[PDB]
């Protein structure tokens, strides 16, 4: 979570797509979906990022529809965005024990208990938080079985990016749970 603002320069693909869905939250505009293999993935936009500006227009107070309209009508060559890095999210570093455990229970990607005397406990992992990413890989929409597989196959240092559930449930409202699994970029970034 790069406590800071940054400029991205996007370029619409063959089909005039950038691969992004935006959502209005508390009079800001936030990244609800990044489509795999899109312009938005390659320049490195992440779920929960805030869009402060689009081509130097301020996004404050915009509807989701207006944000989408503005993107749909840009001189597609070059869209500049101003991004605040995942402002609703925090990152927690934990170490698996001898038995490969970090020490919580989750359900539908949401943490529901902290196991006594674990790395999760010692690092103050919270319940009622949705898992957004593991070691920088977006996991939103994946089955619980697959978030488990990612944790098991991770090395012994585990980084998880979490969000309060209330804020999570507000951002994903009005997107069917099939589209989250289907189309949310779950890939390791390319260099």
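Positions refer to the first chain, counted from 1.
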Tell me which of 172-180 and 20-28 has the higher mean C-alpha B-factor in the deposited entry. 172-180
Averaging CA B factors per stretch from the PDB record, which one is higher: 145-153 or 129-137? 145-153
Sorting the chain's modelled residues by C-alpha B-factor and splitting them into thirds places residue 106 in the middle
Going by the entry, which third of its chain does the Cα temperature factor of residue 72 land in? highest
Chain third (lowest, middle, highest) by recorded CA B-factor, residue given as residue 79: highest
